[PDB]
file coords13.pdb (PDB, N, CA and C atoms and all ligand atoms)
ATOM      1  N   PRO H  36       0.831  -1.217   0.000
ATOM      2  CA  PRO H  36       0.000   0.000   0.000
ATOM      3  C   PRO H  36       0.850   1.245   0.000
ATOM      4  N   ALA H  37       0.230   2.418  -0.103
ATOM      5  CA  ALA H  37       0.977   3.654   0.045
ATOM      6  C   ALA H  37       1.593   3.741   1.448
ATOM      7  N   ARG H  38       2.639   4.571   1.589
ATOM      8  CA  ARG H  38       3.158   4.909   2.920
ATOM      9  C   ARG H  38       2.131   5.752   3.691
ATOM     10  N   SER H  39       2.043   5.562   5.008
ATOM     11  CA  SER H  39       1.230   6.510   5.762
ATOM     12  C   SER H  39       1.984   7.831   5.921
ATOM     13  N   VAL H  40       1.237   8.879   6.213
ATOM     14  CA  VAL H  40       1.821  10.200   6.420
ATOM     15  C   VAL H  40       1.380  10.783   7.772
ATOM     16  N   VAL H  41       2.184  11.703   8.281
ATOM     17  CA  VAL H  41       1.894  12.364   9.553
ATOM     18  C   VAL H  41       0.789  13.399   9.306
ATOM     19  N   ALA H  42      -0.381  13.203   9.928
ATOM     20  CA  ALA H  42      -1.474  14.167   9.738
ATOM     21  C   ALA H  42      -1.328  15.374  10.649
ATOM     22  N   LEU H  43      -0.975  15.137  11.905
ATOM     23  CA  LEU H  43      -0.775  16.198  12.875
ATOM     24  C   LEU H  43       0.246  15.668  13.847
ATOM     25  N   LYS H  44       0.691  16.543  14.751
ATOM     26  CA  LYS H  44       1.734  16.216  15.709
ATOM     27  C   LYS H  44       1.249  16.250  17.140
ATOM     28  N   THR H  45      -0.051  16.396  17.360
ATOM     29  CA  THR H  45      -0.634  16.278  18.699
ATOM     30  C   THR H  45      -1.923  15.485  18.550
ATOM     31  N   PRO H  46      -2.234  14.619  19.519
ATOM     32  CA  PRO H  46      -3.426  13.765  19.416
ATOM     33  C   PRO H  46      -4.690  14.593  19.525
ATOM     34  N   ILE H  47      -5.824  13.996  19.161
ATOM     35  CA  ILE H  47      -7.117  14.639  19.317
ATOM     36  C   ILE H  47      -7.912  13.883  20.377
ATOM     37  N   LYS H  48      -8.396  14.614  21.360
ATOM     38  CA  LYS H  48      -9.219  14.013  22.400
ATOM     39  C   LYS H  48     -10.635  13.888  21.884
ATOM     40  N   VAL H  49     -11.254  12.722  22.093
ATOM     41  CA  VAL H  49     -12.608  12.477  21.609
ATOM     42  C   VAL H  49     -13.378  11.745  22.704
ATOM     43  N   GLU H  50     -14.647  12.100  22.833
ATOM     44  CA  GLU H  50     -15.539  11.387  23.747
ATOM     45  C   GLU H  50     -16.091  10.200  22.971
ATOM     46  N   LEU H  51     -15.581   9.009  23.260
ATOM     47  CA  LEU H  51     -16.170   7.768  22.727
ATOM     48  C   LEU H  51     -17.457   7.402  23.451
ATOM     49  N   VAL H  52     -18.409   6.850  22.702
ATOM     50  CA  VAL H  52     -19.746   6.467  23.188
ATOM     51  C   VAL H  52     -19.845   4.946  23.137
ATOM     52  N   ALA H  53     -20.075   4.329  24.294
ATOM     53  CA  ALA H  53     -20.198   2.881  24.412
ATOM     54  C   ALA H  53     -21.187   2.350  23.378
ATOM     55  N   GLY H  54     -20.729   1.354  22.608
ATOM     56  CA  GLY H  54     -21.525   0.708  21.598
ATOM     57  C   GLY H  54     -21.416   1.304  20.228
ATOM     58  N   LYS H  55     -20.700   2.404  20.095
ATOM     59  CA  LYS H  55     -20.648   3.105  18.825
ATOM     60  C   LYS H  55     -19.425   2.625  18.073
ATOM     61  N   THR H  56     -19.584   2.462  16.771
ATOM     62  CA  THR H  56     -18.498   1.994  15.902
ATOM     63  C   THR H  56     -17.750   3.175  15.312
ATOM     64  N   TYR H  57     -16.421   3.105  15.363
ATOM     65  CA  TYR H  57     -15.551   4.168  14.895
ATOM     66  C   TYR H  57     -14.580   3.585  13.878
ATOM     67  N   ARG H  58     -14.038   4.468  13.020
ATOM     68  CA  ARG H  58     -13.083   4.089  11.953
ATOM     69  C   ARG H  58     -11.896   5.041  12.011
ATOM     70  N   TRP H  59     -10.821   4.588  12.633
ATOM     71  CA  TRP H  59      -9.656   5.440  12.840
ATOM     72  C   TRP H  59      -8.856   5.589  11.551
ATOM     73  N   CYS H  60      -8.435   6.804  11.241
ATOM     74  CA  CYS H  60      -7.679   6.973  10.007
ATOM     75  C   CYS H  60      -6.264   6.437  10.217
ATOM     76  N   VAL H  61      -5.898   5.427   9.429
ATOM     77  CA  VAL H  61      -4.549   4.878   9.525
ATOM     78  C   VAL H  61      -3.582   5.546   8.552
ATOM     79  N   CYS H  62      -4.086   6.181   7.497
ATOM     80  CA  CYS H  62      -3.252   6.605   6.373
ATOM     81  C   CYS H  62      -2.707   8.027   6.506
ATOM     82  N   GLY H  63      -3.247   8.831   7.423
ATOM     83  CA  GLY H  63      -2.856  10.213   7.613
ATOM     84  C   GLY H  63      -3.475  11.233   6.668
ATOM     85  N   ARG H  64      -4.357  10.825   5.761
ATOM     86  CA  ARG H  64      -4.854  11.727   4.729
ATOM     87  C   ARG H  64      -6.240  12.302   5.026
ATOM     88  N   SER H  65      -6.986  11.728   5.949
ATOM     89  CA  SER H  65      -8.318  12.244   6.222
ATOM     90  C   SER H  65      -8.252  13.722   6.591
ATOM     91  N   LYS H  66      -9.211  14.487   6.072
ATOM     92  CA  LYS H  66      -9.380  15.872   6.493
ATOM     93  C   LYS H  66     -10.349  15.990   7.673
ATOM     94  N   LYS H  67     -10.794  14.859   8.255
ATOM     95  CA  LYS H  67     -11.615  14.876   9.475
ATOM     96  C   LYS H  67     -10.923  14.073  10.575
ATOM     97  N   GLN H  68      -9.667  14.412  10.845
ATOM     98  CA  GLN H  68      -8.883  13.656  11.793
ATOM     99  C   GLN H  68      -9.621  13.661  13.124
ATOM    100  N   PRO H  69      -9.543  12.567  13.895
ATOM    101  CA  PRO H  69      -8.675  11.373  13.765
ATOM    102  C   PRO H  69      -9.318  10.234  13.006
ATOM    103  N   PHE H  70     -10.467  10.473  12.402
ATOM    104  CA  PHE H  70     -11.274   9.417  11.796
ATOM    105  C   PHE H  70     -11.193   9.456  10.275
ATOM    106  N   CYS H  71     -11.512   8.323   9.670
ATOM    107  CA  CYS H  71     -11.509   8.166   8.215
ATOM    108  C   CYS H  71     -12.639   8.968   7.554
ATOM    109  N   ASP H  72     -12.302   9.649   6.462
ATOM    110  CA  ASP H  72     -13.258  10.313   5.592
ATOM    111  C   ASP H  72     -13.263   9.717   4.188
ATOM    112  N   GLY H  73     -12.626   8.568   3.989
ATOM    113  CA  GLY H  73     -12.634   7.914   2.686
ATOM    114  C   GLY H  73     -11.456   8.244   1.793
ATOM    115  N   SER H  74     -10.590   9.177   2.199
ATOM    116  CA  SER H  74      -9.439   9.538   1.371
ATOM    117  C   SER H  74      -8.592   8.329   1.035
ATOM    118  N   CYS H  75      -8.452   7.401   1.998
ATOM    119  CA  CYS H  75      -7.725   6.147   1.757
ATOM    120  C   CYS H  75      -8.214   5.457   0.501
ATOM    121  N   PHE H  76      -9.528   5.547   0.227
ATOM    122  CA  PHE H  76     -10.171   4.877  -0.901
ATOM    123  C   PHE H  76     -10.129   5.731  -2.164
ATOM    124  N   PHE H  77     -10.443   7.029  -2.033
ATOM    125  CA  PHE H  77     -10.512   7.919  -3.195
ATOM    126  C   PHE H  77      -9.156   8.060  -3.861
ATOM    127  N   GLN H  78      -8.083   7.992  -3.067
ATOM    128  CA  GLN H  78      -6.707   8.094  -3.537
ATOM    129  C   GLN H  78      -6.075   6.733  -3.765
ATOM    130  N   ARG H  79      -6.864   5.662  -3.669
ATOM    131  CA  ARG H  79      -6.394   4.304  -3.980
ATOM    132  C   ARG H  79      -5.070   3.984  -3.270
ATOM    133  N   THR H  80      -5.045   4.226  -1.962
ATOM    134  CA  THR H  80      -3.822   4.009  -1.209
ATOM    135  C   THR H  80      -3.536   2.535  -0.933
ATOM    136  N   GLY H  81      -4.531   1.661  -1.042
ATOM    137  CA  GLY H  81      -4.408   0.303  -0.549
ATOM    138  C   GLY H  81      -4.610   0.168   0.943
ATOM    139  N   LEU H  82      -4.764   1.280   1.674
ATOM    140  CA  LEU H  82      -4.964   1.255   3.128
ATOM    141  C   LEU H  82      -6.448   1.344   3.408
ATOM    142  N   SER H  83      -6.838   1.001   4.633
ATOM    143  CA  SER H  83      -8.232   1.112   5.012
ATOM    144  C   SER H  83      -8.304   1.331   6.525
ATOM    145  N   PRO H  84      -9.369   1.956   7.030
ATOM    146  CA  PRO H  84      -9.351   2.443   8.421
ATOM    147  C   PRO H  84      -9.457   1.294   9.418
ATOM    148  N   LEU H  85      -8.949   1.544  10.616
ATOM    149  CA  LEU H  85      -9.003   0.574  11.711
ATOM    150  C   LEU H  85     -10.370   0.695  12.372
ATOM    151  N   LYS H  86     -11.259  -0.248  12.074
ATOM    152  CA  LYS H  86     -12.607  -0.198  12.631
ATOM    153  C   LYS H  86     -12.582  -0.724  14.063
ATOM    154  N   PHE H  87     -13.220   0.012  14.981
ATOM    155  CA  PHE H  87     -13.319  -0.435  16.371
ATOM    156  C   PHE H  87     -14.631   0.032  16.987
ATOM    157  N   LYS H  88     -15.095  -0.722  17.965
ATOM    158  CA  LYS H  88     -16.361  -0.418  18.630
ATOM    159  C   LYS H  88     -16.023  -0.071  20.064
ATOM    160  N   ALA H  89     -16.482   1.075  20.516
ATOM    161  CA  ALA H  89     -16.136   1.526  21.856
ATOM    162  C   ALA H  89     -16.837   0.656  22.880
ATOM    163  N   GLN H  90     -16.106   0.212  23.896
ATOM    164  CA  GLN H  90     -16.700  -0.631  24.924
ATOM    165  C   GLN H  90     -17.230   0.174  26.098
ATOM    166  N   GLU H  91     -16.757   1.408  26.283
ATOM    167  CA  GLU H  91     -17.190   2.243  27.394
ATOM    168  C   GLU H  91     -17.210   3.707  26.955
ATOM    169  N   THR H  92     -18.064   4.495  27.595
ATOM    170  CA  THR H  92     -18.129   5.927  27.324
ATOM    171  C   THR H  92     -17.028   6.605  28.130
ATOM    172  N   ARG H  93     -16.096   7.265  27.443
ATOM    173  CA  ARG H  93     -14.960   7.901  28.104
ATOM    174  C   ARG H  93     -14.240   8.798  27.096
ATOM    175  N   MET H  94     -13.458   9.734  27.615
ATOM    176  CA  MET H  94     -12.560  10.562  26.803
ATOM    177  C   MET H  94     -11.288   9.755  26.492
ATOM    178  N   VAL H  95     -10.882   9.701  25.229
ATOM    179  CA  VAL H  95      -9.623   9.064  24.862
ATOM    180  C   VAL H  95      -8.841  10.051  24.003
ATOM    181  N   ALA H  96      -7.584   9.741  23.784
ATOM    182  CA  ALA H  96      -6.731  10.528  22.873
ATOM    183  C   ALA H  96      -6.356   9.635  21.698
ATOM    184  N   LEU H  97      -6.822   9.986  20.498
ATOM    185  CA  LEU H  97      -6.540   9.197  19.296
ATOM    186  C   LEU H  97      -5.353   9.755  18.516
ATOM    187  N   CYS H  98      -4.576   8.852  17.931
ATOM    188  CA  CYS H  98      -3.311   9.221  17.317
ATOM    189  C   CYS H  98      -3.545   9.867  15.955
ATOM    190  N   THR H  99      -2.865  10.989  15.745
ATOM    191  CA  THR H  99      -2.870  11.729  14.491
ATOM    192  C   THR H  99      -1.526  11.671  13.762
ATOM    193  N   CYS H 100      -0.418  11.478  14.480
ATOM    194  CA  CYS H 100       0.894  11.334  13.801
ATOM    195  C   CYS H 100       1.036  10.019  13.055
ATOM    196  N   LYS H 101       0.147   9.063  13.344
ATOM    197  CA  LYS H 101      -0.001   7.728  12.793
ATOM    198  C   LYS H 101       1.171   6.804  13.118
ATOM    199  N   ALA H 102       2.034   7.175  14.044
ATOM    200  CA  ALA H 102       3.153   6.329  14.426
ATOM    201  C   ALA H 102       2.969   5.609  15.765
ATOM    202  N   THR H 103       1.798   5.692  16.398
ATOM    203  CA  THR H 103       1.637   5.030  17.693
ATOM    204  C   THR H 103       1.913   3.514  17.586
ATOM    205  N   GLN H 104       2.417   2.929  18.669
ATOM    206  CA  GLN H 104       2.588   1.491  18.747
ATOM    207  C   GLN H 104       1.359   0.801  19.311
ATOM    208  N   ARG H 105       0.351   1.562  19.720
ATOM    209  CA  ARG H 105      -0.889   1.000  20.244
ATOM    210  C   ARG H 105      -2.116   1.637  19.558
ATOM    211  N   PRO H 106      -2.213   1.498  18.237
ATOM    212  CA  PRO H 106      -3.328   2.086  17.512
ATOM    213  C   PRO H 106      -4.643   1.523  18.000
ATOM    214  N   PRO H 107      -5.715   2.336  18.002
ATOM    215  CA  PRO H 107      -5.809   3.713  17.458
ATOM    216  C   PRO H 107      -5.323   4.821  18.425
ATOM    217  N   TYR H 108      -4.848   4.444  19.608
ATOM    218  CA  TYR H 108      -4.660   5.404  20.691
ATOM    219  C   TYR H 108      -3.273   6.045  20.623
ATOM    220  N   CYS H 109      -3.213   7.277  21.099
ATOM    221  CA  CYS H 109      -1.947   7.987  21.298
ATOM    222  C   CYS H 109      -1.160   7.266  22.377
ATOM    223  N   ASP H 110       0.085   6.938  22.090
ATOM    224  CA  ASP H 110       0.941   6.362  23.117
ATOM    225  C   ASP H 110       2.138   7.254  23.386
ATOM    226  N   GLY H 111       2.113   8.503  22.925
ATOM    227  CA  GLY H 111       3.190   9.420  23.226
ATOM    228  C   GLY H 111       4.388   9.332  22.298
ATOM    229  N   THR H 112       4.337   8.457  21.293
ATOM    230  CA  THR H 112       5.347   8.455  20.229
ATOM    231  C   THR H 112       5.454   9.832  19.580
ATOM    232  N   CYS H 113       4.326  10.545  19.450
ATOM    233  CA  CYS H 113       4.334  11.940  18.992
ATOM    234  C   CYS H 113       5.241  12.834  19.807
ATOM    235  N   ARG H 114       5.583  12.427  21.019
ATOM    236  CA  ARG H 114       6.451  13.237  21.863
ATOM    237  C   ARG H 114       7.932  13.101  21.494
ATOM    238  N   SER H 115       8.257  12.101  20.690
ATOM    239  CA  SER H 115       9.628  11.901  20.242
ATOM    240  C   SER H 115      10.096  13.076  19.383
ATOM    241  N   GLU H 116      11.422  13.296  19.351
ATOM    242  CA  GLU H 116      11.967  14.303  18.436
ATOM    243  C   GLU H 116      11.716  13.907  16.997
ATOM    244  N   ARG H 117      11.730  12.617  16.729
ATOM    245  CA  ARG H 117      11.484  12.165  15.368
ATOM    246  C   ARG H 117      10.135  12.687  14.841
ATOM    247  N   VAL H 118       9.066  12.577  15.635
ATOM    248  CA  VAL H 118       7.760  13.031  15.157
ATOM    249  C   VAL H 118       7.663  14.553  15.214
ATOM    250  N   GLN H 119       8.177  15.183  16.270
ATOM    251  CA  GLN H 119       7.989  16.622  16.362
ATOM    252  C   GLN H 119       8.721  17.363  15.237
ATOM    253  N   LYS H 120       9.799  16.786  14.709
ATOM    254  CA  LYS H 120      10.538  17.377  13.590
ATOM    255  C   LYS H 120       9.991  16.969  12.246
ATOM    256  N   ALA H 121       8.992  16.082  12.208
ATOM    257  CA  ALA H 121       8.472  15.614  10.928
ATOM    258  C   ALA H 121       7.629  16.696  10.287
ATOM    259  N   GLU H 122       7.431  16.588   8.985
ATOM    260  CA  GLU H 122       6.589  17.542   8.287
ATOM    261  C   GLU H 122       5.205  16.940   8.118
ATOM    262  N   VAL H 123       4.163  17.698   8.480
ATOM    263  CA  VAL H 123       2.828  17.164   8.273
ATOM    264  C   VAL H 123       2.649  16.916   6.786
ATOM    265  N   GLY H 124       2.003  15.801   6.462
ATOM    266  CA  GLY H 124       1.743  15.437   5.085
ATOM    267  C   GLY H 124       2.810  14.579   4.446
ATOM    268  N   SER H 125       3.926  14.377   5.121
ATOM    269  CA  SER H 125       5.026  13.508   4.733
ATOM    270  C   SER H 125       5.135  12.271   5.633
ATOM    271  N   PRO H 126       5.709  11.187   5.109
ATOM    272  CA  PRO H 126       5.938   9.992   5.926
ATOM    273  C   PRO H 126       7.003  10.277   6.961
ATOM    274  N   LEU H 127       6.946   9.517   8.042
ATOM    275  CA  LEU H 127       7.880   9.733   9.137
ATOM    276  C   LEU H 127       9.264   9.222   8.713
TER     277      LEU H 127
HETATM  278  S1  LIG A 201      -8.952   8.489   5.281
HETATM  279 FE1  LIG A 201      -7.242   7.577   6.314
HETATM  280  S2  LIG A 201      -7.786   5.489   6.654
HETATM  281 FE2  LIG A 201      -9.529   6.367   5.533
HETATM  282  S1  LIG A 202      -0.510  11.461  18.166
HETATM  283 FE1  LIG A 202       0.461   9.603  17.422
HETATM  284  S2  LIG A 202       1.328   8.744  19.263
HETATM  285 FE2  LIG A 202       0.438  10.624  20.000
END

call {"tool": "encode", "arguments": {"input": "coords13.pdb", "output": "structure tokens"}}
result
Amino acid sequence: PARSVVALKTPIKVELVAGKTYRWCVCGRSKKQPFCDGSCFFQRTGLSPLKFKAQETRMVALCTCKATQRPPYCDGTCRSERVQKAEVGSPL
């Protein structure tokens, strides 16, 4: 598939709703971060979003740099110098 790209360099906090299905953007191209807007498909990247169903209602931080080791969640990899020096829209 295409390489993923860094969409942003800070996570987005979202209130997840128990029982609701979400589609995390894995490719970095969505203009509705942190979730998929179909860009993965329209641009024929070969990538597709990480579908997940929230088990509890709570605030979470979803990854926008797309380099987390625990997708879909922010694990602080964005805090590395590698990500903070990256250019948005480019691969890490
Ligand atoms: S827009 Fe990125 S995974 Fe769909
Ligand atoms: S935004 Fe990607 S690890 Fe924090």

call {"tool": "closest_residue", "arguments": {"input": "coords13.pdb", "among": "H:55, H:120, H:44, H:38", "to": "residue 87 (chain H)", "atoms": "all atoms listed in the file"}}
result
H:55

call {"tool": "residues_near_ligand", "arguments": {"input": "coords13.pdb", "ligand": "ligand LIG 202 (chain A)", "cutoff": "7 Å", "atoms": "all atoms listed in the file", "output": "JSON, numbers by chain"}}
result
{"H": [43, 44, 45, 46, 47, 97, 98, 99, 100, 101, 102, 103, 104, 108, 109, 110, 111, 112, 113, 114]}

call {"tool": "residues_near_ligand", "arguments": {"input": "coords13.pdb", "ligand": "ligand LIG 201 (chain A)", "cutoff": "6.5 Å", "atoms": "only N, CA and C atoms and all ligand atoms", "output": "number ranges by chain"}}
result
H: 59-66, 70-76, 82-85

call {"tool": "select_by_dssp", "arguments": {"input": "coords13.pdb", "residues": "chain H", "states": "alpha helix (DSSP H)", "output": "list in words"}}
result
residues 74, 75, 76, 77, 116, 117, 118 and 119 of chain H

call {"tool": "closest_residue", "arguments": {"input": "coords13.pdb", "among": "H:69, H:36, H:123, H:116", "to": "residue 57 (chain H)", "atoms": "only C-alpha atoms"}}
result
H:69

call {"tool": "atom_distance", "arguments": {"input": "coords13.pdb", "atom1": "CA of residue 54 (chain H)", "atom2": "atom C of residue 40 (chain H)"}}
result
28.6 Å

call {"tool": "atom_distance", "arguments": {"input": "coords13.pdb", "atom1": "atom N of residue 56 (chain H)", "atom2": "atom C of residue 91 (chain H)"}}
result
10.5 Å

call {"tool": "select_by_dssp", "arguments": {"input": "coords13.pdb", "residues": "chain H", "states": "strand (DSSP E)", "output": "PyMOL selection string"}}
result
chain H and resi 47-51+56-59+85-88+93-97

call {"tool": "atom_distance", "arguments": {"input": "coords13.pdb", "atom1": "atom N of residue 37 (chain H)", "atom2": "atom C of residue 121 (chain H)"}}
result
19.1 Å

call {"tool": "axis_aligned_box", "arguments": {"input": "coords13.pdb", "around": "region 94-101 of chain H", "padding_each_side": "5 Å", "output": "JSON"}}
result
{"center_x": -6.1, "center_y": 9.3, "center_z": 20.2, "size_x": 24.6, "size_y": 14.9, "size_z": 24.8}

call {"tool": "closest_residue", "arguments": {"input": "coords13.pdb", "among": "H:67, H:105, H:58, H:117", "to": "residue 88 (chain H)", "atoms": "only N, CA and C atoms"}}
result
H:58

call {"tool": "build_atoms", "arguments": {"input": "coords13.pdb", "residues": "region 78-99 of chain H", "atoms": "N, CA, C and O atoms", "output": "short mmCIF file (atom, residue, chain, number, x, y, z; two decimals), in the frame of the given file"}}
result
data_model
loop_
_atom_site.label_atom_id
_atom_site.label_comp_id
_atom_site.auth_asym_id
_atom_site.auth_seq_id
_atom_site.Cartn_x
_atom_site.Cartn_y
_atom_site.Cartn_z
N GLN H 78 -8.08 7.99 -3.07
CA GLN H 78 -6.71 8.09 -3.54
C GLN H 78 -6.08 6.73 -3.76
O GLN H 78 -4.87 6.65 -4.04
N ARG H 79 -6.86 5.66 -3.67
CA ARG H 79 -6.39 4.30 -3.98
C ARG H 79 -5.07 3.98 -3.27
O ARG H 79 -4.11 3.49 -3.85
N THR H 80 -5.04 4.23 -1.96
CA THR H 80 -3.82 4.01 -1.21
C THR H 80 -3.54 2.54 -0.93
O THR H 80 -2.43 2.22 -0.51
N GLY H 81 -4.53 1.66 -1.04
CA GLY H 81 -4.41 0.30 -0.55
C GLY H 81 -4.61 0.17 0.94
O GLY H 81 -4.59 -0.96 1.45
N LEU H 82 -4.76 1.28 1.67
CA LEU H 82 -4.96 1.25 3.13
C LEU H 82 -6.45 1.34 3.41
O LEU H 82 -7.24 1.69 2.53
N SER H 83 -6.84 1.00 4.63
CA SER H 83 -8.23 1.11 5.01
C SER H 83 -8.30 1.33 6.52
O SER H 83 -7.35 1.00 7.23
N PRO H 84 -9.37 1.96 7.03
CA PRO H 84 -9.35 2.44 8.42
C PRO H 84 -9.46 1.29 9.42
O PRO H 84 -9.92 0.19 9.09
N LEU H 85 -8.95 1.54 10.62
CA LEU H 85 -9.00 0.57 11.71
C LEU H 85 -10.37 0.70 12.37
O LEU H 85 -10.64 1.64 13.12
N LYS H 86 -11.26 -0.25 12.07
CA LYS H 86 -12.61 -0.20 12.63
C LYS H 86 -12.58 -0.72 14.06
O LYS H 86 -11.97 -1.77 14.34
N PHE H 87 -13.22 0.01 14.98
CA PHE H 87 -13.32 -0.44 16.37
C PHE H 87 -14.63 0.03 16.99
O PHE H 87 -15.22 1.04 16.59
N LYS H 88 -15.10 -0.72 17.96
CA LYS H 88 -16.36 -0.42 18.63
C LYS H 88 -16.02 -0.07 20.06
O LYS H 88 -15.35 -0.85 20.74
N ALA H 89 -16.48 1.08 20.52
CA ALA H 89 -16.14 1.53 21.86
C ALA H 89 -16.84 0.66 22.88
O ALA H 89 -18.04 0.44 22.78
N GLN H 90 -16.11 0.21 23.90
CA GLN H 90 -16.70 -0.63 24.92
C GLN H 90 -17.23 0.17 26.10
O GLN H 90 -18.09 -0.33 26.83
N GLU H 91 -16.76 1.41 26.28
CA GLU H 91 -17.19 2.24 27.39
C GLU H 91 -17.21 3.71 26.96
O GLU H 91 -16.54 4.10 26.00
N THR H 92 -18.06 4.50 27.60
CA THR H 92 -18.13 5.93 27.32
C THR H 92 -17.03 6.60 28.13
O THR H 92 -16.99 6.49 29.35
N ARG H 93 -16.10 7.26 27.44
CA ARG H 93 -14.96 7.90 28.10
C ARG H 93 -14.24 8.80 27.10
O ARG H 93 -14.40 8.64 25.89
N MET H 94 -13.46 9.73 27.62
CA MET H 94 -12.56 10.56 26.80
C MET H 94 -11.29 9.76 26.49
O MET H 94 -10.70 9.17 27.40
N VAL H 95 -10.88 9.70 25.23
CA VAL H 95 -9.62 9.06 24.86
C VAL H 95 -8.84 10.05 24.00
O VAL H 95 -9.37 11.05 23.53
N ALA H 96 -7.58 9.74 23.78
CA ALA H 96 -6.73 10.53 22.87
C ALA H 96 -6.36 9.64 21.70
O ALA H 96 -5.72 8.60 21.90
N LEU H 97 -6.82 9.99 20.50
CA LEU H 97 -6.54 9.20 19.30
C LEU H 97 -5.35 9.76 18.52
O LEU H 97 -5.17 10.96 18.40
N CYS H 98 -4.58 8.85 17.93
CA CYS H 98 -3.31 9.22 17.32
C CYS H 98 -3.54 9.87 15.96
O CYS H 98 -4.33 9.36 15.12
N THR H 99 -2.86 10.99 15.74
CA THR H 99 -2.87 11.73 14.49
C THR H 99 -1.53 11.67 13.76
O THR H 99 -1.50 11.84 12.54
#
